[PDB]
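J.: Please find one structure pasted underneath; my questions will follow.
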């Protein structure tokens, strides 16, 4: 129960809700020794919050996503999106005047590319089990 | 296991996975969406 | 604060530290942050104004941003900086990988013959 | 098909070069270059001129894989 | 003459060699369709004339030398990678 509502505050980007979970439910976390992540999980949730918005919208403005994710300032938003591009999280282009962020739909992943290339690992996974069944059959 | 370390230390439950998304987001909601009628 | 990033909040916390002896390391903490202004901010932004980049770099008109105009290259514009051209290098990415796609079918058809 | 296909390729292309040297006639004529140019619908030379057949190359391997 | 393709051709190139005006390129290349030297349909959006098949005529001493360059090149390229098909896949056959 103390560890339950935690992930329920991870799905949301509210700071007041996330910090209240750490205060009340932090006692249960002491026995687990999981406190290492609580400092870096704040940076994890802000990536989930921006991924929720970036996947739901074509263009997302920095000023509109500012208070919606409550970054509260334009300057640190330029620092987050910069590191989001460094981590390959977001494809969004940014037009700096005030500024604002203007992105576009990413495509061309298509069909002929990803599924057949992933199927190389799928069949190589399956054909090995054919040997695993033969090896297990040889003992009896 | 029971060996080694670990011994030392429809239903509504299934819908509760989605239902908790209603708790932290947009309530249910009737009243607010019912108040939006006369707003604009 | 390095994940904010800071820049700003670090230097405000750099005002009061016990520390003690951190004075030598916060100078190296500078250089590892200072070279990130060029690395982090782009790619990719369009154009950022002159004094906007100076707000993070502090000073007044240092030779560091002058060294950036050399190192980055990138662009030195009047009263502004540009990312031309464009945003940058315009990746296609390549029409060559159609080759290696035929290479993937080589060993893939071979795995179908291994069973057989 | 590569062996027997490209060996007669080399045997004839060496005799076709021999034409200018000696053994002329055969001029031939004209049957030699005529159907060779029918072979020329695709050369295929550098590099493969498959820009239109590139996406179609893997697209034929699409469902087979 | 060229190895092409480089199959579809731009009207300005026909307007260079054949030195014909843009409005007359239609009658030009489409009449060759009935003669039978080329069957290639014409792309009239960019006004580029596409070619199909080919009409060979005679031969020259530079054509044989030009042949051995671009003919045997098909022989040396395919047989080189054909050995790669023989090399790796001879084990799964035996």
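Chains as they are written, first to last, in the entry's author numbering: chain V, 358 to 497; chain e, 1 to 9, 40 to 70; chain d, 142 to 257; chain Z, 196 to 260; chain a, 283 to 376.
Each residue gets a CB set at the ideal place from its N, CA and C atoms; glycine is no exception.
#1: How should residue 453 of chain V be labelled, buried or exposed, when 16 other C-beta atoms within 10 angstroms of its C-beta is the threshold for buried?
#2: For residue 246 of chain d and chain Z, any beta-carbon pair shorter than 7 Å?
#3: For the candidate residues a/288, a/344, a/365, a/360, whose alpha-carbon lies nearest to that of residue 211 of chain Z?
#4: In angstroms, rounded to a whole number, what distance separates the CA positions of residue 149 of chain d and residue 375 of chain V?
#5: Mind listing which residues of the stretch 231 to 246 of chain Z have their C-beta closer than 7 Å to chain a's C-betas, in chain order?
#6: Select from the stretch 202 to 231 of chain Z all residues with a C-beta closer than 7 Å to any C-beta belonging to chain V, and list them in chain order.
#7: What in chain e is Cβ-close to residue 368 of chain V, meaning under 9 Å?
#8: First and last residue of the beta strand (DSSP E) that includes residue 189 of chain d?
#9: I'd like to know if residue 146 of chain d contacts chain V, where contact means its C-beta is closer than 7 Å to some C-beta of that chain.
#10: Using a threshold of 7 Å, state whether the C-beta atoms of residue 355 of chain a and residue 329 of chain a are closer than that.
#11: Tell me which residues of the stretch 221 to 240 of chain d have at least one Cβ-Cβ distance to chain Z shorter than 7 Å, keeping chain order.
#12: Please name the residue, chosen from V/450, V/395, V/445, V/426, that lies closest to residue 406 of chain V on a Cα-to-Cα basis.
#13: For the stretch 464 to 485 of chain V, list every residue whose C-beta sits within 7 Å of some C-beta in chain Z, in sequence order.
#14: Taking C-beta pairs closer than 9 Å, name the residues in chain Z that residue 307 of chain a reaches, listed in chain order.
#15: Put residue 291 of chain a into one of helix, strand or coil per three-state DSSP.
#16: In the structure shown, what three-state DSSP assignment does residue 331 of chain a receive?
#17: For a quick check, are the C-beta atoms of residue 446 of chain V and residue 404 of chain V less than 7 Å apart?
#18: Please state whether DSSP places residue 325 of chain a in a helix, a strand or coil.
#19: Give a single yes or no on whether residue 8 of chain e has its beta carbon closer than 6 Å to a heavy atom of the ligand FMN.
#20: Under 7 Å between beta-carbons, which chain e residues line up against residue 377 of chain V? List them in chain order, please.
#21: So, is the C-beta of residue 253 of chain d closer than 7 Å to a C-beta in chain Z?
#22: How is residue 401 of chain V classed by DSSP in three states: helix, strand or coil?
#23: Which stretch, first to last residue, makes up the beta strand (DSSP E) that contains residue 452 of chain V?
#24: Would you say residue 187 of chain d reaches chain V, if we count a Cβ-Cβ gap shorter than 7 Å as a contact?
T.: In this structure, then:
#1: Sequence index remark: in the first chain, residue 453 of chain V carries index 96 (1-based). When all chains shown are included, residue 453 of chain V counts as buried.
#2: Residue 246 of chain d sits at position 105 when you count from the first residue of the third chain. Closer than 7 Å: yes.
#3: Stepping through the fourth chain from its first residue, residue 211 of chain Z is reached at position 16. The residue among a/288, a/344, a/365, a/360 with its C-alpha nearest the C-alpha of residue 211 of chain Z is a/344.
#4: Taking the first residue of the third chain as 1, we reach residue 149 of chain d at position 8. Taking the first residue of the first chain as 1, we reach residue 375 of chain V at position 18. C-alpha separation (whole angstroms): 24 Å.
#5: 232, 235, 236, 238, 239, 240, 244
#6: none
#7: For the purposes of this step, residue 368 of chain V is taken as residue 11 along the first chain, with counting starting at 1. Residues of chain e passing the Cβ test: 50, 51, 54, 55.
#8: Within the third chain, residue 189 of chain d is the residue found at index 48, counting from 1. From DSSP, the beta strand (DSSP E) with residue 189 of chain d extends over 188 to 190.
#9: On the third chain, residue 146 of chain d is found 5 positions in, with the first residue counted as 1. Yes, its Cβ sits closer than 7 Å to a Cβ of chain V.
#10: By one-based count along the fifth chain, residue 355 of chain a stands at place 73. By one-based count along the fifth chain, residue 329 of chain a stands at place 47. Cβ atoms of residue 355 of chain a and residue 329 of chain a: not closer than 7 Å.
#11: 236, 239
#12: Stepping through the first chain from its first residue, residue 406 of chain V is reached at position 49. The shortest C-alpha separation from residue 406 of chain V is found at V/426.
#13: 469, 473, 476
#14: Residue numbering aside, residue 307 of chain a sits at position 25 when the fifth chain is read from its first letter. What residue 307 of chain a touches in chain Z: nothing, since even the nearest Cβ is about 23 Å away.
#15: Residue 291 of chain a sits at position 9 when you count from the first residue of the fifth chain. If DSSP states are grouped into helix, strand and coil, residue 291 of chain a belongs with the strands.
#16: What you label residue 331 of chain a is simply residue 49 of the fifth chain in a count that begins at 1. If DSSP states are grouped into helix, strand and coil, residue 331 of chain a belongs with the strands.
#17: Walking along the first chain from the start, residue 446 of chain V turns up at place 89. Walking along the first chain from the start, residue 404 of chain V turns up at place 47. In this structure, residue 446 of chain V sits near residue 404 of chain V, with a CB-CB distance shorter than 7 Å.
#18: Along the fifth chain, one-based indexing puts residue 325 of chain a at 43. Residue 325 of chain a: strand per DSSP, three-state reduction.
#19: Absent from the structure shown: the ligand FMN. Ligands present: none.
#20: If you number the first chain from 1, residue 377 of chain V lands on position 20. Going along chain e, no residue has its Cβ under 7 Å from residue 377 of chain V, so there is no contact; the nearest lies around 12 Å.
#21: Here residue 253 of chain d corresponds to residue number 112 of the third chain, with the count starting at 1. So, not an interface residue.
#22: Taking the first residue of the first chain as position 1, residue 401 of chain V is located at position 44. Helix, per DSSP.
#23: The count along the first chain starts at 1 and reaches residue 452 of chain V at position 95. Looking at the DSSP string, residue 452 of chain V is not in any beta strand (DSSP E), and its letter there is neither H nor E.
#24: Taking the first residue of the third chain as position 1, residue 187 of chain d is located at position 46. Residue contact with chain V for residue 187 of chain d: present (Cβ-Cβ distance below 7 Å to some residue of chain V).
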